[PDB]
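Data block below; observations after.
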Amino acid sequence: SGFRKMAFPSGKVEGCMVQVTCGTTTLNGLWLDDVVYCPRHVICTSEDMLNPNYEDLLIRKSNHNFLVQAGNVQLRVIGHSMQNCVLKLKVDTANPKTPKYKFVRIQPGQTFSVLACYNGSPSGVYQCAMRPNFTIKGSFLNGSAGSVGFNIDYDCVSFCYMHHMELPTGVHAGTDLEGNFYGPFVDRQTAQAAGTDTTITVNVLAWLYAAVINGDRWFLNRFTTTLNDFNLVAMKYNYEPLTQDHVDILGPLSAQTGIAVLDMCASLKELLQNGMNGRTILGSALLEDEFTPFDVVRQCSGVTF
Amino acid sequence: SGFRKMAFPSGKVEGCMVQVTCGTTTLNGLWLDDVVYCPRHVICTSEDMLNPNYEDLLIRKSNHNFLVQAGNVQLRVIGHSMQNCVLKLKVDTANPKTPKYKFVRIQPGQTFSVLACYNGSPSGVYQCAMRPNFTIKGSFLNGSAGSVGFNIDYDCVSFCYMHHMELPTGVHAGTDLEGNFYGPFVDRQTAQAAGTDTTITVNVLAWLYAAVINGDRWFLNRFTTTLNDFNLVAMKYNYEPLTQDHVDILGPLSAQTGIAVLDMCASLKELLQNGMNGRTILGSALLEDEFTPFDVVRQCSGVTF
Amino acid sequence: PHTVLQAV
Amino acid sequence: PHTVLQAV
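Protein chains in written order, with the numbering used here: chain A, 87 to 391; chain B, 87 to 391; chain C, 12 to 19; chain D, 12 to 19.
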């Protein structure tokens, strides 16, 4: 029993983290086989970052301008190129700790583990969701760019996020591992703002199922609702619309608990309209939306890697 | 910016996790140098666990009754002994991945990372506190016993917890790595209940300082209070008494923010007496108490390992 | 109710 | 306000 915000074990990723310095700018890179991936703004200076022309900035560099350190070993750069907003630095030795891996791009609503790093060294690990507005509510300080987000399936690390920057509201923005930003953000220090966010409805329902599996049942009721009547309530409360595919994805948790999805939607309607009247669900006084249905099944069934 | 429940990177611990089977009972063990540590109830059968006599049960076993698997490698047991509630299984090969380590016992109020495991394989990582009543609010299923809790300082893993069991309220109980239980619990399947819990006051204050560092300031006020008048409010609300040592430990965060500790205590008093009036602090509608002052400084300053 | 030892 | 690129 119990339900925690639980990250994947990070050892496979720790073995890939390196430090990349260009000039006085240092950040993290990801070393897979003989390539190091890192955010391209490592080539910027303090004066460069309002409106850098990255193509110009990169033409003026050569291999010897990139100092890559794996632990106490300096890795020799033998090639460099730009791919969208990341750099690919080809090095002369393949990482012997390279895991089986994939580069995947995730959807808003999906979760992943972040290995926060400074100067190439892991600092801590935590779980994040891709928000509907394509930001993530991370914990990142100066020097954390190049830290990656990932999921693990069996022995395979699926990298989905590389950290670049912090928006003025204190939320974070980054790219997939092909260098393409999540959302309408650019790697420049200008006024940028996230679009308005919304709550991830299918995830809130998944977490309510986790609560039932763990014995929190006070919010249940005998009511049902229709998918249309529910979605009218979701719109009013800034929740994402629930689809039939969401209802289907929640099928396994619905069968395990014996509570029909539209029955649980009736509970969520009442929680939205009346609050919790001083009670809590799984230790929270708020409706939690950064657990996917997969996360719930994974944790309440004990899947390992 | 940002503030997350953040665990230590788990790679150093992952390299120590093994599977221990005796009969039809399987759980996890911790392999350091040539010893495997695991919960002694691995030697129990289904009928053994109401009131096992562990000394009797262990005399009836020999080395060949313990099957230890490190990945796909079976480790030969060449010695066994009981130490309080753990077994020490001496094996014929030292773990080449043994980190620098210590066995430390922690105090209630202190935090640690848990690497949850099944069949010797890591499943996920999360942060826990030792509650004042010596339970932990973990996420653990059948087969998770032997999973360990730990802190990392520089390159040294300080192991502080080994998981044994789940109480009827769904909270968890375990030992230090010398086999001594935290709190008044025993490794038997009997009626046992945790003592009444309380909220860890110094931690709530630390988290309020984290909130200020991250720009959440709405709960601040111009009031101060005395340590005695504060502790009268803490008693009424089931909070631990605040000591002068707590005030001193909070010194660094007090200096960084410019808010005196007893000034922040005035904020906490008002939050306890009036609630948050629909607002949140660091994403929470509840007063969070599983971050220590060290955790706050660590995360808001970017310490690595 | 009873405690549950969490070997498997 | 502006975004902050988080190299160091």
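All C-beta atoms in this analysis are idealised placements derived from N, C-alpha and C, irrespective of residue type, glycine included.
Taking all protein chains shown into account, decide if residue i is buried (16 or more other Cβ within 10 angstroms of its Cβ) or exposed.
i         : result
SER209(A) : buried
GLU141(A) : exposed
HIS150(A) : exposed
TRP304(B) : exposed
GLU100(B) : buried
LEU136(B) : exposed
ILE367(A) : buried
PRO379(A) : buried
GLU264(A) : exposed
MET321(B) : exposed
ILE222(B) : buried
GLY337(A) : exposed
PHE236(A) : buried
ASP239(B) : exposed
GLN385(A) : buried
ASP241(B) : exposed
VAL159(A) : exposed
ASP134(B) : buried
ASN266(B) : exposed
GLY224(A) : buried
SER87(A)  : buried
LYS91(B)  : buried
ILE164(A) : exposed
Bridge partners of residue i, per DSSP?
i         : result
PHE189(B) : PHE245(B)
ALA292(B) : Looking at the DSSP assignment, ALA292(B) forms no beta bridge with any residue, so it has no partner.
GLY235(B) : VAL200(B), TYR247(B)
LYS183(A) : According to DSSP, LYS183(A) bridges with nothing at all.
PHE267(A) : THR261(A)
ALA93(B)  : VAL211(A)
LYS174(A) : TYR123(A), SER167(A)
If you check the beta carbons only, do residue i and residue j fall under 7 Å apart?
i         : j         : result
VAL177(B) : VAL122(B) : yes
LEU328(B) : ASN317(B) : yes
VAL234(A) : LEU118(A) : no
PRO125(A) : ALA277(A) : no
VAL319(A) : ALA93(B)  : no
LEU113(A) : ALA18(D)  : yes
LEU253(B) : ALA296(B) : no
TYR323(B) : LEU358(B) : yes
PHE309(B) : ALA371(B) : no
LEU373(A) : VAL257(A) : no
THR390(A) : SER207(B) : yes
Which of the three DSSP states is assigned to residue i in this structure?
i         : result
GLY337(B) : helix
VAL383(A) : helix
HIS150(B) : helix
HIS258(A) : strand
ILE164(A) : strand
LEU113(B) : strand
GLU374(B) : coil
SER230(B) : coil
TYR140(A) : helix
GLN169(A) : strand
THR285(B) : strand
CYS124(A) : strand
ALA320(A) : helix
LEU358(A) : helix
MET103(B) : strand
So which residues of chain G does residue i contact, with C-beta pairs closer than 8 Å?
i         : result
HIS258(B) : Judged by its chain identifiers, the structure shown contains no chain G, and its protein chains are A, B, C and D.
Checking contacts by CB at 7 Å: is residue i closer than that to chain C?
i         : result
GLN155(B) : no
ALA231(B) : yes
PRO254(B) : yes
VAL128(B) : yes
If we cut at 7 Å on Cβ distances, does residue i have a partner in chain B?
i         : result
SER244(A) : no
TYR187(A) : no
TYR295(A) : no
With 7 Å set as the bound, which would you pick, yes or no: does the beta-carbon of residue i sit closer than that to a beta-carbon of chain A?
i         : result
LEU372(B) : yes
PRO338(B) : no
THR284(B) : no
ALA320(B) : no
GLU376(B) : no
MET135(B) : no
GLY115(B) : no
So that I know if they touch, is there some Cβ in chain D lying closer than 7 Å to that of residue i?
i         : result
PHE226(A) : yes
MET251(A) : yes
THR329(A) : no
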